[PDB]
Amino acid sequence: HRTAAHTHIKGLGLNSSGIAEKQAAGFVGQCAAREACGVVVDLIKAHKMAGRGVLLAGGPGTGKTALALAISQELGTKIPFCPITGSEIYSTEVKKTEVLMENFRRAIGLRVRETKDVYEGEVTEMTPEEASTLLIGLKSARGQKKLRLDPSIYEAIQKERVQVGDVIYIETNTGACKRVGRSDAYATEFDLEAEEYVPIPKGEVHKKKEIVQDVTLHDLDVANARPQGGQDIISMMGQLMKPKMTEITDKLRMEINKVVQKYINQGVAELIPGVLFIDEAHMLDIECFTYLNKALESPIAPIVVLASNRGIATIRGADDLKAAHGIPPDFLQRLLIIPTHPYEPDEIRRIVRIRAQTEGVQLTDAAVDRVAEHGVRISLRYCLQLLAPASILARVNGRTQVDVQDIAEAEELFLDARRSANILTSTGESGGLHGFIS
Amino acid sequence: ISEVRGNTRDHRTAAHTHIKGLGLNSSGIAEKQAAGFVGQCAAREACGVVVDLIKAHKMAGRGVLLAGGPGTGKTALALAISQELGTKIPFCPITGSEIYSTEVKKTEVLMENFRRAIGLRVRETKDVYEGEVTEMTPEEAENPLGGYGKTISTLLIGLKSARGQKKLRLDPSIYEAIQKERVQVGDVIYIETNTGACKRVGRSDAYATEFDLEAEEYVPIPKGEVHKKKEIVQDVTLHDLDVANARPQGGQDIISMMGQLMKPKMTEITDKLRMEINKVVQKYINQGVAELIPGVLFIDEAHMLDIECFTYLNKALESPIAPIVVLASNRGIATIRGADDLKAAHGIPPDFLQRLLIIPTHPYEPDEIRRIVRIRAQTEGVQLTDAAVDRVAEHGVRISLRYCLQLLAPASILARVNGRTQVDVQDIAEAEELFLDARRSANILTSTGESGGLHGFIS
Amino acid sequence: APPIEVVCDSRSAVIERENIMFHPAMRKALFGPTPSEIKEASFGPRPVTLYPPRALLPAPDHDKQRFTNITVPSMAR
Amino acid sequence: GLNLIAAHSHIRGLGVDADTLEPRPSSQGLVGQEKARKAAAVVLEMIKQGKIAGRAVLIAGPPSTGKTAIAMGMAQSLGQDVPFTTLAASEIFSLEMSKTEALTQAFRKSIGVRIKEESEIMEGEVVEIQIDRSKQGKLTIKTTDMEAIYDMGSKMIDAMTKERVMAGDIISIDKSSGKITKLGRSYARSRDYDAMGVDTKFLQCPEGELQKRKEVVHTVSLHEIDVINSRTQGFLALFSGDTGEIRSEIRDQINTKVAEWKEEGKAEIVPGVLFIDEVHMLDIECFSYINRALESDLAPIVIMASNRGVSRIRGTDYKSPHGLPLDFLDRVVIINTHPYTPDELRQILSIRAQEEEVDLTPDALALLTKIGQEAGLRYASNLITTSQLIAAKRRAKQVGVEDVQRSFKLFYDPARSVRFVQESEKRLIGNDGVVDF
Amino acid sequence: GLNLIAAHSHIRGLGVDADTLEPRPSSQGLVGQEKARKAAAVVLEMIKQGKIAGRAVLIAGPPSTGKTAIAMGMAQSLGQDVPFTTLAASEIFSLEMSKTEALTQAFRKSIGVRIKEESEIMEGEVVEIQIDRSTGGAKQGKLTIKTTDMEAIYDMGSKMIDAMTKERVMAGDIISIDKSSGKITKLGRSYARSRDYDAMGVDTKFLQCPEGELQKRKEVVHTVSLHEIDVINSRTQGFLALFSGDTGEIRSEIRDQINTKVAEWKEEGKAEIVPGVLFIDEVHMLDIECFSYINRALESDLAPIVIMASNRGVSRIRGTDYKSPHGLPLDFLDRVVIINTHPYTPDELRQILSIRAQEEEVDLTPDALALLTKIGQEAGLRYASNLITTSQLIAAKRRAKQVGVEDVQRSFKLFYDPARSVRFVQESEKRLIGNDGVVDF
Amino acid sequence: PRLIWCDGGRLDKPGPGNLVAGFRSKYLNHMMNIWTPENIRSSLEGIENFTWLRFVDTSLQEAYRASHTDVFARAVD
Ligand SMILES: Nc1ncnc2c1ncn2[C@@H]1O[C@H](COP(=O)(O)OP(=O)(O)O)[C@@H](O)[C@H]1O
Ligand SMILES: Nc1ncnc2c1ncn2[C@@H]1O[C@H](COP(=O)(O)OP(=O)(O)O)[C@@H](O)[C@H]1O
Ligand SMILES: Nc1ncnc2c1ncn2[C@@H]1O[C@H](COP(=O)(O)OP(=O)(O)O)[C@@H](O)[C@H]1O
Ligand SMILES: Nc1ncnc2c1ncn2[C@@H]1O[C@H](COP(=O)(O)OP(=O)(O)O)[C@@H](O)[C@H]1O
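Residues numbered from 1 in each chain as written, not as in the entry; some residues may be left out. Chains lettered and ligands numbered in written order. Part of a larger assembly, values for the part shown. Heavy atoms only, no water.

In the PDB archive, cryo-EM is given as the structure determination method for this entry, at a resolution of 4.34 Å.

Here is the structure:
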């Protein structure tokens, strides 16, 4: 349990009728944006979505990404959520219209249920039956058990160095085997052998457990393009033979859709459409808002929550047009735009109290007003970053709770950006030996 | 296996289908309305002089510019030269925006295209024994070596082609072929003459049913000779020699079996290799075996080459073995792409422009557009009345040349949909509003598209 | 230098090192066949194949000093 | 099932009369764009004829008018026979291959080669391997109906040895080539073993005759033939993407052999459609190659879309209509579109309603028509889903005026977002400074 | 031996008190700066707490006012426990990979995982080895060893005799048979068999016998970051990449799965997460494409505390064209918290020069120290701190013991301070290449 | 340590604790794979993706071995 910048966000805090209530689940105020994000969460769960775009306006300091983490904890662990910033789309190995499709294919989720039948235990004998099939007795501390092996899983046992009485761990379903060690009954056969002597497991020999587990479609794309991990031994050279990201063509995705729809029609897997949260969308340039306008029109595309804080700025990559939000109006008509208004002075105190009781820092009511004064007069990100140093100035001076004096000391030890700009301009007047170098 | 369809073997209509040659006299004077062209006399005479320069083998690094505006016939003259020279002289029509690569420097794709433009004709012989094996019968030697078992002096092979069979006595050191390649009775082989090591092609088709399941390729009997003494003409471009000397094709190791297994990368070629290949080709010409044949490197849209490329072109054209460089520029006073300093004519630097024989190209008269329309219409097969020809010529003079050659396909479609066989004035007057030109599109774009709003364009 | 290895004190780490950093399939595929395998392939009644069908080591392109860095003082010097 | 309701889902073909080319208004999804749809029908009828090679058809017009809708209508109303290629222009700017080659491959994909043949394959489940160590052998294979014993001579016994075929596998032999392809094992032997391996997948038994012969119609593209002949095992490159600047001599040999196959009657060339979406993103270094690749015999009928007015051309610094150079606009033909009347807006919203199975009261449809007239199509079509969902939260079957006004109150159209930005400039990062209150 | 006297070899910690956080004015090297060192003490005491995210502290100030000094003090006042990583902000602009991902690896390098597990080792001198290779092979053998206390005989497996002829264990070696793996690290040679070693050098070290028992368990503590695990789980044998930099774009699902297994290791009690410190030196050399990623990498649970130092005043941001304070955008200056430093009073200059003189062990007369303080008032700390090293050597020219005024006045005569160098450029315009002209006398 | 290098730090070693690595190995390399011969045999008859496989000199087993080995083992083949 360590505090982040969004630890106190638990959920959107809605009613049963989809109406936001003030000071609920960590948020303070911000009604209409939480109502709209609740509608977005219901749209994601409704499974009637093949590409929808949601933009979040509002300047810096307001709660844009807090809404996104509220959505991410409102969906749960089940439905996949991929947060990427705009600046991650640039690479030096692939084009930047292919990393977008890699994020779209990381967004869609594919849930498979398995019943793994694991076999822990000490090998009793290695008897080749036919001349082929090789029986193995797996002795536990509860009883041994015979086991008939396929002639291909035995060539995976045999590659491992399993001889007489090594404890092993056979997966029955997936056919995965690991040699855990040599059993301690055969420990002191010789006296300085070099193995890992482990005791016989004091449980069952046949443990049957079931596991629900997810796979993203991008992992299917990578595992079908290039051999990965298992038998890819020439990758230890590194220079040309490493697993470099390659240009996954449209034909490969068009076939992987066929195969996944085949395994959904058999009732094996389940499909769950995810969320792609692209943050600070002004860093996306015009060679990607062209490609999003195509890639959202697929019948498989996930919902895209874009976040952008800028005003009428210059679209990157094409310097001769200005547009709102850094988003071209060719693309801006698709988006559902949600506003994010600033904070009143009576709605900053509650954020101070919630952020204080998240970090455990308790403080008197005469200091909450001072932190709210710095929140009104300077910024919201700065006033919340004085609750943690002042507690360090509290338990050192023989106190437990934070008073006005510790914050009056921390405002001098920890200057903000505005007073540093005033010192940088006015106090740092002459550019000489002991001056700043503009 | 593959089922043959008995349909009509027609061809497709491109923009330069009707061009069939220059259409000159026996004295070089051009003649109007001949072999596809209409008019354009001096340009066709100059291109005929260029064609004569190419076939006379006196060109050794010249350069020809084609000026003139867009839609006047530069690429038409280029395809006319390429169809006038034939097929046995090379022709590599690259563009200006095809030297920009991401594996090599852009002053290297130019040199590889020079080497694509040069051909080399080699005349040799081919002496092979050929066909399906019938017997492999040895013969015991007269004096066996003491201390060994069998001693075989001459190995007999009965080769049966599809015309006649023949017994063959051979040196016994064919055995190392036969054991390594697994040659049996009923397998077509070929035995060369310079070394004499037979290599199996495959099991014959007559023995395709002795077994049932054990299958491989079942190649037929060689329907030809049994003793080929056949001569071969063989055309190799010098680009192919550069590639086969730089990156060897077939090796026997791991890393050359990863090189052909991984992607082939264009690599830059050191100049010592090209100097050596030129020095040896000029030796085999002096022996009187190989013929050098220079071709044409038609670099279309020559204003896309920046100033870093013409500097390499000066070096490459001063080489003793180089083809002709037919450029194609359609700009007036333009800024050269590399150095954004000098505004030069045609996009060509003034240093490079002195090498070039500049051939002009003039606009077309308003009574020659209708002849081009008649030739293009009888090329596609779309027949049409004379008032329709006059209306298409009206649109050709008043708007564009390339636009009146594109009101023939939708007019023909609307004609054979409406229920007729020939195109009248009504079909073109209806198809002129389904396919607007650039001019009325810009008029709608400026007039109706006032500013960026709701129902407006994005400026 | 030799390549960097992992000092992990299990038996499985030593087995994975001697199966990746050495990996006898590639060594067999690179250097060629065992002479016992040559004998059982060349005295048999029927022709049989070999998994390294020839020695797949490439021929070194420098005759006097191949694949090492050891220097003998040359006879002229 | 990997098929969800996108924006282009109600457009099941172009929807014109095939006899006299009359665009009836409400047919196959598309609504009321009669002249552009007539022109697209003329284009489609000269595509299926396939004689006239290498035109270029630009589709201009304002945004939210239907330029990609008509393209998807032309894509649906061709079938699987004639190819089609959806390539947005930002796909070309790659870091492994240059712009010229990555745009040549867009032309090489849209021309198919069609070839019909007879596949002489043999399915079957192995019963008993009988090897006579004397060379000969016998293979017993069965299906759900038949069972047979076929002889074997020398070497496919060694192929069985290299494949390690046990009793119970499902083998397949292509007798025109002769190579064993083990398909897996049968469900009748899942009861046999207990701890299976990794590679084993279970299958049903083959059904019917052993010797199956069937006439199949293969259709590849020229890009397939170009990439397969690139390197040795290069067939996996077109799935992976691990290919680069393919040489021109390979493409020359391939075009020569496709002409030779057309002469000998083996192959039929089917020209297709290349669709270059948002063509204004191409720089002049790409139009200088498009102006030459539309000259050869092997060039598809290119259909391209555009939005922009008199704008700058990327790569250079001079304005031009439609973002295209004028030496390229002298070559193309242009089909303009027009914005929509409210009578068309109402039934387009009705089609988007019946596609998403959302029921609307007529008052809500009239209100949504007014919202679409005041804000556009892309915002009005995004309010059907939201009003349905808000109706689902308060448990109502039919959406109403209240739910549409709620959806209009919550989410902002792009017309009011500009006034929201210009209303509060001191906090949005304009270009220099932020107040932060 | 690799401890050559650098420009920061005199700082032995932050120097502040750890009980009332008072910056005592002269301790452990850092002398004079008070308010900035107290704020760095507060930041240091909330790093070792661990119950805070990745936050951002910007050490802004003029040149040569002790910013790298405070960072190196915080580096020395943590030991080899909490991972401190320096990052000059031009190591990011690489060509092996992209730029944002190169920044992500520098975030992942500063989140350690500290796990403690046991091994069983054996000390001791080998008395003798007998190996029954008689044609036989490595089948059986006897190993007799001893400490000062113990003595023992062991029998050996085949895969231990193949490690005994692998390390060539003599009769007298001091070996460490790690029992769980089988590796043999010879700690040295025993002194008592000094006759029995012929194939050794003439100068060869010899140890004593190990003291204590012969079979003991060690509780070794390893600490590896998340970038270590990321590079390990990226290829077949991929840890070589983090010794050769040949790692590329690591796919993000690997980082997500390792962020899941680290949490599953923490909840099972098998592990413990230690948040480190990342020092981005010269943060103004980042373009806005970096700040649009640092604004969101400082949001997750797994993010180290970023300490960063800026020199510039109102300057331009790279990538863009608009100016800003400290070379940083304003939406990123909302995140950071700024510590401002101050120039140095002359007595503090004098005692900093005194510490730099005592570090290099150079004797100074007080008159020369007064002259050197007078120089440092007009030319900065770096110039005088180099005049010290120059003046010692100039005193060593003429065979003197203590430096004096007659050597500081020579070092000030030969090596120009940069103010007189700027005056030299301004008064020698026509021959120095300004932009266009070269005049030759 | 022996936790990361041997037990469960590697995402490929399917020991206990790394419960994903068996499932992920099987259902990405043998079930949901577009190169297994069952998932090729259903897509070989027309406009579909493995149309061309009849004409290149391969078989299903050639393609399946070619899409799981390295560049090394494919070179030995
Ligand atoms: N409604 C809210 N309740 C509590 N905290 C909030 C709320 N809105 C914003 N915050 C605070 O704002 C900070 C996040 O600001 P952020 O949304 O990241 O701005 P931006 O999205 O412009 O970067 C978090 O520290 C969070 O505590
Ligand atoms: N002399 C001519 N006779 C017949 N057709 C011509 C003639 N000149 C040009 N054309 C036609 O004009 C069209 C456009 O000319 P083009 O070659 O594109 O000009 P440019 O060479 O400037 O690009 C071509 O399709 C060609 O068929
Ligand atoms: N005639 C029409 N009938 C029905 N729906 C249409 C019609 N025209 C356009 N649409 C719908 O309007 C939307 C916008 O068309 P589109 O071509 O995407 O606009 P743009 O050209 O701006 O990209 C499409 O999703 C399409 O479904
Ligand atoms: N408080 C201090 N105690 C001792 N030496 C200091 C102190 N402050 C600065 N210095 C010395 O001054 C020099 C400049 O400090 P430094 O932080 O490198 O400057 P900058 O901030 O320009 O990098 C350093 O070599 C350091 O030795």
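K.L.:
Looking at this model, I keep getting lost on the overall build of chain A. Mind explaining?
P.N.:
Each helix and strand counted, chain A has 14 helices and 15 strands in total. The globule rule puts the C-alpha radius of gyration for 438 residues at 22 Å, and the 30 Å found for chain A is more than 25% above it. Each principal axis of the C-alpha atoms in chain A carries an extent, and together these give about 90 × 60 × 60 Å. Expressed as a percentage of the 438 residues in chain A, the buried residues total 62%. Carbon and sulfur atoms provide 49% of the accessible area of chain A, an area that totals close to 17,100 Å². (Helix = DSSP H or I, 4+ residues; strand = E, 2+ residues; numbered from the N terminus. Rg over C-alpha atoms; globule rule 2.2 N^0.38 Å. Buried < 20%, exposed > 50% of the residue type's maximum accessible area, 1.4 Å probe, protein only. Areas by Shrake-Rupley, 256 points an atom, 1.4 Å probe, with all protein chains shown as cover.)

K.L.:
How should I be thinking about the site of ligand 2 in this particular structure?
P.N.:
Residues and elements named next belong to chain B. As a structural note, the neighbourhood of ligand 2 is formed by 18 residues, with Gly71, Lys74, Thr75, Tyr364 and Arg402 the closest of them. In this structure, a nitrogen atom belonging to ligand 2 sits 2.4 Å away from a side-chain N or O atom of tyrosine 364. Here ligand 2 has 550 Å² of accessible area as a free molecule, and 96% of this is covered by the chains. Of all the elements in the fold, those that place two or more residues in the shell around ligand 2 are α2 (74-85) and α11 (401-404). Element by element, the count of residues in the shell around ligand 2 is highest for α2, at three residues. When the residues that make up the shell around ligand 2 are grouped by side-chain class, the tally is eight nonpolar, eight polar and two charged. (Near = heavy atom within 4 Å. Polar contact = N/O pair within 3.5 Å; in protein donor to acceptor, adjacent residues only side chain to side chain. Nonpolar A, V, L, I, M, F, W, Y, C, P; charged D, E, K, R; others polar.)

K.L.:
What should I look at first to understand the interface of chain C and chain F in this one?
P.N.:
Listed as interface residues are eleven residues of chain C and, on the opposing side, seven residues of chain F. The interface formed by chain C and chain F holds two salt bridges in total. Linking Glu16(C) and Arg10(F) is a salt bridge whose minimum nitrogen-to-oxygen distance equals 3.6 Å. The tally of links from chain C across to chain F stands at one residue pair in polar contact. Among the secondary structure elements, those contributing two or more residues to the side of chain C that touches chain F are α1 (11-20) and α2 (24-31) of chain C. Sort the elements by how many residues they give to the side of chain C that touches chain F and α1(C) lands first, with three residues. (Contact = heavy atoms within 4.5 Å. Salt bridge = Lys/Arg side-chain N within 4 Å of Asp/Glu carboxyl O.)

K.L.:
Can you help me understand the domain arrangement of chain A in this one?
P.N.:
Bring the parts together and some accessible area is lost; that lost area is often taken as the interface size. Entries for chain A in the domain assignment read domain 1 (113-212) and domain 2 (345-426). Taking the mean C-alpha position of each, domain 1 of chain A and domain 2 of chain A sit 61 Å from one another. (Domains from an automatic or database assignment.)

K.L.:
Even after reading the chapter, I still don't get the sheet that holds strand β3 (residues 56-60) of chain E, so can you show me in this structure?
P.N.:
Sheets are built from strands that pair by backbone hydrogen bonding, the pairs being arranged parallel or antiparallel. Residue and element names in this part refer to chain E. The parallel open sheet is built from five strands, whose spatial order is β4-β13-β14-β3-β17. Across the chains shown, the open sheet's two edge strands, defined by having one partner strand only, are β4 (84-88) and β17 (337-340). Direction aside, the axes of adjacent strands within the sheet are offset by 20 degrees on average. Taken together, the four bridges between β3 and β17 define a ladder with parallel strand orientation. Considered in β17, the bridge of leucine 58 is made with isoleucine 338. (Pairing = 2+ DSSP bridges. Axes fitted to C-alpha atoms, helices over the stretch in contact; angles between N-to-C directions.)

K.L.:
When you look at the site of ligand 3 in this model, what are you seeing that I'm missing?
P.N.:
Residues and elements named next belong to chain D. Around ligand 3 lies a shell of 18 residues, among which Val31, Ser64, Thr68, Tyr340 and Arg378 are the nearest. Measuring from an oxygen atom of ligand 3, one finds a backbone N or O atom of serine 64 at 2.6 Å. The separation between an oxygen atom of ligand 3 and a polar main-chain atom of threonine 68 is 2.5 Å. Contributions of two or more residues to the shell around ligand 3 are made by β2 (30-31), α2 (67-76) and α12 (377-380). Per-element accounting of the shell around ligand 3 gives the leading share, three residues, to α2. Here the shell around ligand 3 is built from residues that sort into nine nonpolar, seven polar and two charged.

K.L.:
Hey, could you run me through the environment of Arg41(F) in this one?
P.N.:
All names here are of chain F. As for its placement among the helices and strands, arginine 41 is situated in helix α3 (residues 37-41). Judged by relative accessible area, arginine 41 falls into the partly exposed class, the value being 38%. When the C-alpha atoms of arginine 41 and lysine 26 are compared, they prove to be 20 Å apart, with 15 residues separating the residues in sequence. At 2.9 Å, the side chain of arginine 41 and the side chain of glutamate 38 are in polar contact.

K.L.:
Before we go on, may I ask you to explain the pattern of salt bridges in this structure?
P.N.:
When the charged atoms of two side chains lie near each other, side chains of opposite charge can form a pair. Here the structure, examined in full by the defined rule, presents 118 salt bridges over all chains. For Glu224(D), the salt bridge is made with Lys251(A), and the minimal N-O distance between the two is 2.8 Å. Remark: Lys251(A) occurs in helix α6 (residues 250-265) and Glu224(D) occurs in helix α5 (residues 222-228); the pair is interchain, linking two chains. The two residues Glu224(D) and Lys251(A) agree in class, both being buried. The partner of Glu101(E) in a salt bridge is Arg255(E), and the shortest N-O contact between them spans 2.6 Å. Taken individually, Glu101(E) and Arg255(E) each receive the classification buried, so the pair is uniform in this respect. Linked through salt bridges whose partners overlap, the residues forming this network are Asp187(B), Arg200(B), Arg203(B), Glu210(B), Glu216(B) and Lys155(D).

K.L.:
Mind showing me how you'd approach unusual backbone geometry here?
P.N.:
One can expect most non-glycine residues to show negative phi and most peptide bonds to be in trans. Residue and element names in this part refer to chain A. Of note in this structure, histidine 47 is not a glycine but carries a positive phi near 60 degrees. Topologically, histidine 47 is positioned in the loop between α1 (31-46) and β1 (53-56). Exposure remark for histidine 47: the relative accessible area of 34% places this residue in the partly exposed category.

K.L.:
I'm lost on the nonpolar core in this one. Help?
P.N.:
Nonpolar side chains in soluble globular proteins generally cluster together in the buried interior. In terms of nonpolar packing, the biggest core is built from 54 residues, with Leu220(A), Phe235(D) and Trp52(F) touching the most fellow members. The residues contacting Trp52(F), other than those within four sequence positions of it, are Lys251(A), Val220(D), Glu224(D), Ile228(D), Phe235(D), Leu238(D) and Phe239(D). (Core = buried A, V, L, I, M, F, W, Y, C linked by side-chain atoms within 4.5 Å.)

K.L.:
Explain the sheet that holds strand β12 (residues 273-275) of chain E to me, please; I cannot follow it from the model alone.
P.N.:
Residue and element names in this part refer to chain E. Taken in spatial order, the three strands of this open sheet run β11-β5-β12, and their pairing is antiparallel. Both edges of this open sheet fall to β11 (216-225) and β12, since each of them pairs with a single strand only. Recorded for the sheet is a direction-independent mean angle of 35 degrees between the axes of neighbouring strands. In terms of strand pairing, strand β5 (residues 111-121) meets β12 through three bridges, oriented antiparallel. For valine 113, the partnering residue across the bridge sits in β12 and is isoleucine 273.

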